[PDB]
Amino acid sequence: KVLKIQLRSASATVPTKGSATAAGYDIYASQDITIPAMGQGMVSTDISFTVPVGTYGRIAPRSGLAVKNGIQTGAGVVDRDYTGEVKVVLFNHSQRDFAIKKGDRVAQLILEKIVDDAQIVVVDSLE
């Protein structure tokens, strides 16, 4: 059940649960960026991680940013074996640019359990 986190620069922040019982770990921007109104952006984190066996890491939205700033996460599927820098894709569905500073929390990581070793069987009909 280990979540291994690698901080790639001094600007990274270890992901943190917002509360003791939160489903997700908040993910912090490591560099300023603005997500334009009715536009999108890719936020740097300067982190890598290896999620637990049996999961993938889902980059999910924070509800406050959704309501107040019209922000939704895009993409969001991080494989357990990914060792590159994790990036957060954000869409801004509002009419106001959304300014992000280093150290702002921009999403939350959820360790989603999945079946990642299914046997695929082709059949004539599911019926």
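So that there is no doubt, residue numbering starts at 1 and follows the sequence shown.
Novice: Per the PDB record, is the mean Cα temperature factor higher over 70-78 or over 28-36?
Specialist: The entry gives the higher C-alpha B-factor average to 28-36.
Novice: Tell me which stretch has the larger mean Cα B-factor in this entry, 10-18 or 110-118.
Specialist: The stretch with the larger mean CA B-factor is 10-18.
Novice: According to the Cα B-factor stored in this entry, which of the following is highest: 84, 41, 61, 57?
Specialist: Result of the comparison over 84, 41, 61, 57: 84.
Novice: Split the chain's modelled residues into thirds by Cα B-factor; is residue 45 in the lowest, middle or highest one?
Specialist: Middle third.
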